[PDB]
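Heads up, my_file-v6.tsv below (TSV, N, CA and C atoms):
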chain	number	residue	atom	x	y	z
C	1	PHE	N	63.15	91.52	-30.92
C	1	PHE	CA	63.48	92.72	-31.73
C	1	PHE	C	64.99	92.89	-31.84
C	2	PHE	N	65.43	93.53	-32.93
C	2	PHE	CA	66.84	93.76	-33.17
C	2	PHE	C	67.49	94.54	-32.02
C	3	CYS	N	68.56	93.98	-31.46
C	3	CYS	CA	69.27	94.62	-30.36
C	3	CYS	C	70.47	95.40	-30.88
C	4	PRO	N	70.97	96.36	-30.09
C	4	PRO	CA	72.12	97.18	-30.48
C	4	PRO	C	73.45	96.54	-30.09
C	5	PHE	N	73.73	96.48	-28.80
C	5	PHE	CA	74.98	95.89	-28.31
C	5	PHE	C	74.79	95.28	-26.92
C	6	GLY	N	73.56	94.88	-26.61
C	6	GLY	CA	73.28	94.29	-25.31
C	6	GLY	C	71.85	94.52	-24.86
C	7	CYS	N	71.69	94.87	-23.59
C	7	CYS	CA	70.36	95.12	-23.04
C	7	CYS	C	69.96	96.59	-23.19
C	8	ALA	N	70.68	97.32	-24.04
C	8	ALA	CA	70.39	98.73	-24.27
C	8	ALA	C	69.06	98.90	-24.99
C	9	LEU	N	68.13	99.60	-24.35
C	9	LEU	CA	66.82	99.83	-24.94
C	9	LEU	C	66.13	98.51	-25.29
C	10	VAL	N	66.52	97.45	-24.59
C	10	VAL	CA	65.95	96.13	-24.83
C	10	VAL	C	64.92	95.78	-23.75
C	11	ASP	N	65.40	95.45	-22.56
C	11	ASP	CA	64.51	95.10	-21.46
C	11	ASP	C	65.12	95.46	-20.11
C	12	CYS	N	65.92	96.52	-20.11
C	12	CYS	CA	66.57	96.99	-18.88
C	12	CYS	C	67.49	98.18	-19.16
C	13	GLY	N	68.18	98.13	-20.29
C	13	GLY	CA	69.09	99.20	-20.66
C	13	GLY	C	70.51	98.69	-20.86
C	14	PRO	N	71.43	99.54	-21.32
C	14	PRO	CA	72.82	99.14	-21.56
C	14	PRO	C	73.59	98.95	-20.25
C	15	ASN	N	73.24	97.90	-19.52
C	15	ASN	CA	73.89	97.60	-18.25
C	15	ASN	C	74.00	96.09	-18.02
C	16	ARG	N	72.87	95.40	-18.14
C	16	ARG	CA	72.84	93.95	-17.94
C	16	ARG	C	73.08	93.22	-19.26
C	17	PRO	N	73.81	92.09	-19.21
C	17	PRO	CA	74.11	91.30	-20.41
C	17	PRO	C	72.95	90.40	-20.81
C	18	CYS	N	72.90	90.03	-22.09
C	18	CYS	CA	71.85	89.17	-22.60
C	18	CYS	C	72.42	88.08	-23.50
C	19	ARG	N	71.57	87.14	-23.90
C	19	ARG	CA	71.99	86.04	-24.75
C	19	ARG	C	71.85	86.40	-26.23
C	20	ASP	N	72.95	86.81	-26.84
C	20	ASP	CA	72.96	87.18	-28.25
C	20	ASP	C	73.67	86.12	-29.08
C	21	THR	N	72.90	85.37	-29.86
C	21	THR	CA	73.46	84.32	-30.71
C	21	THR	C	73.46	84.73	-32.18
C	22	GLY	N	72.54	85.62	-32.54
C	22	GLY	CA	72.45	86.07	-33.92
C	22	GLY	C	72.47	87.58	-34.04
C	23	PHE	N	72.94	88.08	-35.18
C	23	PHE	CA	73.01	89.52	-35.43
C	23	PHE	C	71.69	90.20	-35.08
C	24	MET	N	71.72	91.08	-34.08
C	24	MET	CA	70.53	91.80	-33.65
C	24	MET	C	69.47	90.82	-33.14
C	25	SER	N	69.86	90.00	-32.18
C	25	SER	CA	68.96	89.01	-31.60
C	25	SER	C	69.34	88.74	-30.15
C	26	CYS	N	69.27	89.77	-29.32
C	26	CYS	CA	69.62	89.66	-27.91
C	26	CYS	C	68.41	89.27	-27.07
C	27	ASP	N	68.47	88.08	-26.48
C	27	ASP	CA	67.38	87.59	-25.64
C	27	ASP	C	67.75	87.71	-24.17
C	28	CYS	N	67.05	88.59	-23.46
C	28	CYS	CA	67.31	88.81	-22.04
C	28	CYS	C	66.29	88.07	-21.18
Target encoding structure tokens, full file:
Amino acid sequence: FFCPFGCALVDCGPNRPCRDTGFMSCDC
């Protein structure tokens, strides 16, 4: 799902970093 600026509301919250290679594509 489209991510904002990291792990925010993704799979932990805006704290842990994730693998973002494409616009709105953060894979944690």
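Interatomic distance, atom CA of residue 26 of chain C to atom CA of residue 3 of chain C: 5.5 Å.
A straight line drawn from atom CA of residue 17 of chain C to atom CA of residue 4 of chain C is 11.8 Å long.
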Q) What residues in chain C get the DSSP label strand (DSSP E or B)? Please answer as a ChimeraX atom specification. A) /C:19-22,25-27
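From atom CA of residue 15 of chain C back to atom CA of residue 1 of chain C, the distance works out to 17.7 Å.
The neighbours of residue 7 of chain C here are the residues that come within 5 Å of it, using all atoms listed in the file and leaving out any residue fewer than 6 positions away in the same chain; they are residues 13, 14 and 16 of chain C.
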